[PDB]
Amino acid sequence: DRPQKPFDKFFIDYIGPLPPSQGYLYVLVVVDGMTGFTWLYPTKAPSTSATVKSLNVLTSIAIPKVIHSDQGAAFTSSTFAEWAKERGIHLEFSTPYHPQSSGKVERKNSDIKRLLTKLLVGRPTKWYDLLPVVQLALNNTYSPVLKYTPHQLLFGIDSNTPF
Amino acid sequence: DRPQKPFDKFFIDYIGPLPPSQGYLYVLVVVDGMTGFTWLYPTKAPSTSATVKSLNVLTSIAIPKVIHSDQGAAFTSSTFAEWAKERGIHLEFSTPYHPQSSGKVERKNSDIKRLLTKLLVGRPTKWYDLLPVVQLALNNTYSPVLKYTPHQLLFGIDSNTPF
Amino acid sequence: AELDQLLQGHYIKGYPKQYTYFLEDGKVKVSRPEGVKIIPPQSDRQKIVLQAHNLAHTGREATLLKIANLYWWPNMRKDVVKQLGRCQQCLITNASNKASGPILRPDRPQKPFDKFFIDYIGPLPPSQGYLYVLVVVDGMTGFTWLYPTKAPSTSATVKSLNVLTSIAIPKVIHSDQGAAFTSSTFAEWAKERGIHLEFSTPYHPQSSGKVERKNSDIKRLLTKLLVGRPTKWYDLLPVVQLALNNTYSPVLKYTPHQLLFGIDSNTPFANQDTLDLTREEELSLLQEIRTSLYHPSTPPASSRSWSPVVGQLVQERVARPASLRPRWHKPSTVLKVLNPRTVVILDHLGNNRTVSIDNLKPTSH
Amino acid sequence: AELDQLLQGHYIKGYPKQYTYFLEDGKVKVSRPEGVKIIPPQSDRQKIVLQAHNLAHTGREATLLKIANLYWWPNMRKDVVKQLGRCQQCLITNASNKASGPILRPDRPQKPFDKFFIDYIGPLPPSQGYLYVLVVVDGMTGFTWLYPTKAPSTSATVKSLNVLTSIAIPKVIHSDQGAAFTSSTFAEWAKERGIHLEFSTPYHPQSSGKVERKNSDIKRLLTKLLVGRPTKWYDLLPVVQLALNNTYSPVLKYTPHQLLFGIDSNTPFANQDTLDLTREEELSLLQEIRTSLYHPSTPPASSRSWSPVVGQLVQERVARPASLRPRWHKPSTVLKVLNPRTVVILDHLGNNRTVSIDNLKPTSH
DNA sequence: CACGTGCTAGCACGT
DNA sequence: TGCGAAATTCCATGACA
DNA sequence: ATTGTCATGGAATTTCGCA
DNA sequence: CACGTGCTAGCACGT
DNA sequence: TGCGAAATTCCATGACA
DNA sequence: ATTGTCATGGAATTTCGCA
Ligand SMILES: [Zn+2]
Ligand SMILES: [Zn+2]
C-alpha cells in the first residue's frame, strides 16, 4: 500500500485498576501507529463515557483515520460506535484474547506498562501528578528501528526536552 | 477722540420693585453705549450680590471697558468696586440726583421703561417669563439716528427675528 | 454524473481538453498539476461548497483551498462566492474590507446664528451638584456658550437655550439624537420660536463635530486648570468660556469672539487694529473677513472606498451588539442617496433610516 | 528700559533698523506694518509670555497672536516656545502631533514550540459556569489550544498549560502582563519546567498580536455559530479549535495544523498531496516550507514619526486617567533603546520601565 | 486594604 | 505566438485587544 | 527586560487553453 | 416596563 | 539683487465623541 | 430627513533686513 503516516491508526487500551492517585483508577492509552506518539489520560473508570470524554480532548487536536483497540467493554459500546462514526474514524479491533498491533506499538504499550510501574511502588499513590512527565520521556525515547523519536517524527523538529 | 465702539461703556441701572413675577422683584439693566444693545436680568433684589451674579453671566460673554451707573447702593459697594477692578472694568458714575448717559441710552432706558409697563398691568404678575422677548424686540428696534438696529450693529448681520 | 460525456471525448464548455477525465470508484476524476481530483456533478457542487465553507465559515480563498484538496470543477470560485453571498451568518458577522467615502467638508454657516451646534458633555465629577454641561457652538464663528446642568434633560436644555436666545434667535440648531434633543417637548420650544431642528445621523459624532471638537478644547483647558487640585469645574466654565471664545485659531487668525463681533472686548491682550475705523468701516471689513475664511476640502478617497448607490444592498452596524453577537444587521436597500456620505435605508425593523455611510458596509456579493 | 539706546539710533542685534523706535506713555514703541506695538524690556518678556499663554494655555502660534496684539520684540516665538517647554500642565495635557515609529515585524518563531503566545478572552456569557478562555497560540505554526476557565487566575493557567505541555515543552512563552501571568506562582511553574517567560510591554496588545489576532478568529467563528441561539460557548470551543487549526491562511496557503504536522489528520476536505512521499520525504519538505513562508516587512515610517533616542525626554501615557485629569505623566528620560519601538524609561515612581513607544510621546521643546 | 494589569460592564432620558 | 478567460495573487481594511 | 497580526473580497496581475 | 440614543462607569487577580 | 535669518504657513496627528 | 473638526509644533516655505 502507501507509506505509513501519523494519525493513520490510534491504538488504544486501558491500564488498570491502579492505586487511587487523586481519585484516578485507570489510564486510557492512545498511541500513534506511525510515530509511536503516546497520549495518556487518567480516568476514574475504563468506561466509554470516561473514554469519550478523553478522546474528545484528543480529537480536538488531531483525528485518526482508524482507532484500533481490544474488545474490552468500553471500546465496543453502541455509544463508542456512534461516537466514532460521527467523527469519521473507522473502528477496528484485535480478535478477542489473541491481541495484535504492530512491533512499534507492542513495544511502546510495554514501555508505558513498565515506565508506569517504576512509578508504582517506587512512588506510592502519587503517580497521577507525574503522568505528564511519563508521557514526555515516552515521546522523547530514541527509536533504534526508526532513527528518530516520536516527537521528532510527529512534529519534525528537535524537542526542547530530550531524554 | 477715537470712534464710538461696542463694549466701550455698559450703562447699568435697576428698575423696581415690580410685581413678584415668579419671585423676581427687580431688573438689572445693561445697555451697550454704542450699539444700544440691551441685556435684562431679573433679580430678587437690587444688591451687589445679585448684581455681580448677573454681570458675571454677562462678562463671560463680553467685557466692557467701562461700566457707567448711578450712585445707587448696589453699584457703589466696596464689593462691586473690587469686582470691577479684578476684571479691569473702569467704574464711572453719574453725579448724584442729576443723572447723565447719552442720547442713545437715555432713549433706550426709556424704551425699556415703557416697553416694560405695557407688560405691567397689561400682563399681571407674568412678566418674568416674557423678559427675554422684551429684550429681543428691544434689540431689533430700528434706530432713526443710526440707520441700523442694535443687533445689526453689534453682530453685523440681519437678525432672524426683526420688528 | 450527467455531463459525463467527457469520458467519451465530448467537449463541454469550461472544461480544458488536454486533461484526460477518467473514472475510478464511481467518481469522475481528472489528473491535474495539483494531483488527481474528483469532479462532482453540477448538482452536488453547491452541497460541497456549503459543506466546505461551514467548517469555519471561511471566506473566498480560504473556503476554496479546502475544496481544492479533493475536487476540481470549472470556475470553482464562482460557485464558492455565490454561497458566501447567501450565508446569513458570514454576511452579518464578517467585518468589511472597504473603507468609507471621503468626508464632506460642509460649508461653514454664512453668518452668526445661522446654525447652532449643541451637545452634552458628561457626566463629570459632581461639582456643586452639577454633572453635565450644555455646549452651544455657533457654526459660523465658533462662539461657545457653556451651561452647567444636573441632567441631560429637555428641562435644562430649554432652560439654558432660553437664556441664550435672549441674545439672538438662530435659524437652525444641530445636535446628536440625544435623549433631550429628540424630545417632543423640545420639538415644541423649537417650533414656538420658529427654529429649525437638525439632527446628526445616529451613532456618528463627527456630524456634531463642531461641538465635539470644542468639547475637546473645553475639556482640555478644564483639565490644565484642575492640575493638582480637586475636580471642581462648575466655578470654571465661565472662565473657560471667555478664555476659549477669545483664543485665536491659527488657520483663520481669528478668535471666535472676533468673528462674532468684529471687535475685542475688555479681555487681556485685546486687539485694537480697527480702533481707527468707524464702526461701519469696522462692521464692513467683518463681512469681508467672514467670506474669505479658510475652508478645508474633501480629502482624497481611499483606494478601496465605496459609494452609496440607490438600490445597492448595505447593512447597518448593530448599535450595541451583545457579547458574541453579530455586529451587522441583515442587509437593507438604499432608497435615497442624500449625499456621498448619507443614505436613507430601509431599516431592518422595518423603517426608513438616515444613516452615515460610516455605520454601513456594502454587502459583499 | 535697559537696552534703550534704540531711541538714540544705536543698533542692537536682532532689531531691524528701518523702523523708528519712539517713546510714548513710558513705553518704548515701534511703528510696524501690523500697527504700533510696545517693546517691553528683556526682563518683562517672560512675564508677558506667561501672562498671555496662561489665558487658555494656548500653543505656540495661538499664544503668539495674543502677544502680537500689543507688543513687538526680536524673535518672539523663541521666548514663547521656551515657556511652553516649562509649563507642567500643557506638557502633560496636550496630545502629541507625532505618530509612532513604524511597527516591527518580528521574525516568526523558527519551529513549533519555540514561542508560545497566551491570553485570556473574556469574561463572556456564563456557559457551564465558565467565564473565560485561555488561548495558547504556537508562534511558528499558529496552532491554537483553547482552555475554558472560571477565572483569569494562575490556577487554571497552570492547570491548562500542564495538560498542554504533556504534549511538548516550549522554549519561551509570551503574554500580556495580565494578573495571572506576572504571578510569582506562575513564575515558579515556568522555571520548574525551564520555560522562559516573556512579557509584552504594558497596555500594548499589538505585542500579544498573535494571540489577539487569533482572539478575533475564535470570537468571530464562535459568533457565526451562536446566531439565533443562546450564547452557550463552552461546548463549542473544541469544535472551534479544530475548525480553526485546520483553516488555510491564504497568504501562506497552509493550515496551522499543517505547519505543525506536515500531514492532515482525519478532518474534512483533508489534503493528501504528500500521500506518496514517505514520512521522511514528508517531514523533509516541511522544514523546506517552514523556511520559505511569507513574512511582512516594516511599513513606511509616517512623514511625522519620531524615534526613541537615549537621553531624550519622553512621557508615558497615564494608564487609567480619571475624568478631567491629564493623560500624560511628567517627562522621563530614555535609558535603553531596546529597539525602534521599545524603550527603557526612568518611570515616574521612580522605576525602570520597558514601554512601547506607542504609549509615549516625545516631550515638545 | 489600594495599586497595577487585564478586561466589560453599566446608567440617564424621554417615549 | 498571441489572445481572451480564468486563476491566481495582491493588498488596505478592520478587529483582536 | 522587547518587537503587531491575518481573514477578507474586489482590483490588479499572472497563468492557462488553445490556437 | 424595554427600547433607543447618548454617555462612563466598573470588576477580576495577584501582590 | 541676492543672501542669511526670521517669520510665517503648512500640515498629519490626535482627541472630542 | 443630511454633511467632521481644529489646536498643535517641527518641517517646509515664504517674507524681511540689508546690502
Ligand atoms: Zn458563513
Ligand atoms: Zn500651559
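Definitions and cut-offs
Residues numbered from 1 in each chain as written, not as in the entry; some residues may be left out. Chains lettered and ligands numbered in written order. Heavy atoms only, no water. Residues with missing side-chain atoms left out of burial classes, pairs and counts. Helix = DSSP H or I, 4+ residues; strand = E, 2+ residues; numbered from the N terminus. Rg over C-alpha atoms; globule rule 2.2 N^0.38 Å. Contact = heavy atoms within 4.5 Å. Near = heavy atom within 4 Å. Polar contact = N/O pair within 3.5 Å; in protein donor to acceptor, adjacent residues only side chain to side chain. Nonpolar A, V, L, I, M, F, W, Y, C, P; charged D, E, K, R; others polar. Buried < 20%, exposed > 50% of the residue type's maximum accessible area, 1.4 Å probe, protein only. Pairing = 2+ DSSP bridges. Axes fitted to C-alpha atoms, helices over the stretch in contact; angles between N-to-C directions. Least-squares fit on C-alpha atoms.

- In terms of determination method and resolution, the entry is listed under X-ray crystallography at 3.1501 Å.

**Considering the overall build of chain C**
Then step 1. Within chain C, the secondary structure is distributed over 10 helices and 13 strands.
Then step 2. The globule rule puts the C-alpha radius of gyration for 365 residues at 21 Å, and the 31 Å found for chain C is more than 25% above it.
Then step 3. Overall, chain C is about 100 × 45 × 45 Å in size when its C-alpha atoms are taken along their principal axes.
Then step 4. If you take every contact in chain C between residues at least 6 apart in sequence, the share linking residues at least 24 apart comes to 56%.

**Some words on the protein's contact with DNA strand E**
Then step 1. Taken together, 21 residues form the shell around DNA strand E, and within it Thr154(C), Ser184(C), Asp119(D), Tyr203(D) and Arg353(D) come nearest.
Then step 2. When atoms of DNA strand E within 4 Å of the protein are split into backbone and base, the sugar-phosphate part holds 80%.
Then step 3. Between DNA strand E and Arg353(D), the relevant distance is 2.7 Å, taken from a phosphate oxygen to a side-chain nitrogen or oxygen of the residue.
Then step 4. Counting residues per element, the ones that place at least two in the surface near DNA strand E are α6 (184-192) of chain C together with β4 (115-121) of chain D.
Then step 5. Of the residues in the surface near DNA strand E, the class split is seven nonpolar, nine polar and five charged.

**A short note on the pairing of strand β2 (residues 26-32) of chain B**
Residue and element names in this part refer to chain B.
Then step 1. Burial within β2 is extensive, with seven of its seven residues counted as buried.
Then step 2. Covered by surrounding structure in β2 are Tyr26, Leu28, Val30 and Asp32 together with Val27, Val29 and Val31, the residues of both alternating faces.
Then step 3. In this structure, strand β1 (residues 9-13) lies alongside β2, joined through four bridges in antiparallel fashion. Within β2, the residue paired with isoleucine 12 across the bridge is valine 30.
Then step 4. As defined by bridge partners, β2 adjoins strand β3 (residues 38-43) across six bridges and the pair is classed as antiparallel. Note that in β3 the partner of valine 31 across the bridge is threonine 38.
Then step 5. Hairpin geometry of β2 and β3 is characterised by an intervening segment of five residues between the two adjacent antiparallel strands and by a positive phi of about 65 degrees at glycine 36.

**A short note on the sheet that holds strand β8 (residues 196-199) of chain D**
Residues and elements named next belong to chain D.
Then step 1. What the five strands build is an open sheet, ordered β6-β5-β4-β7-β8; its pairing is mixed. Either end of the sheet is taken by a strand with one partner, and the two such strands are β6 (144-149) and β8. When the angles between neighbouring strand axes are averaged without regard to direction, this sheet yields 25 degrees.
Then step 2. Of the pairings in the sheet, the one linking β4 to strand β7 (residues 172-175) comprises four bridges and is parallel in character. Looking across to β7, one finds that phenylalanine 116 is bridged to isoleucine 173.

**Description of the relation of the copies chain D and chain C**
Then step 1. Once turned by 180 degrees and shifted 0.0 Å along the axis, chain D lies on chain C with an RMSD of 0.0 Å. The relationship between the two copies is best expressed as a two-fold rotation axis. Taking C-alpha positions as the reference, the residue of chain D nearest the rotation axis is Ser302(D), at 8.5 Å.
Then step 2. A shared binding surface is used by both copies, with 100% of the interface residues of chain D retained as interface residues in chain C.

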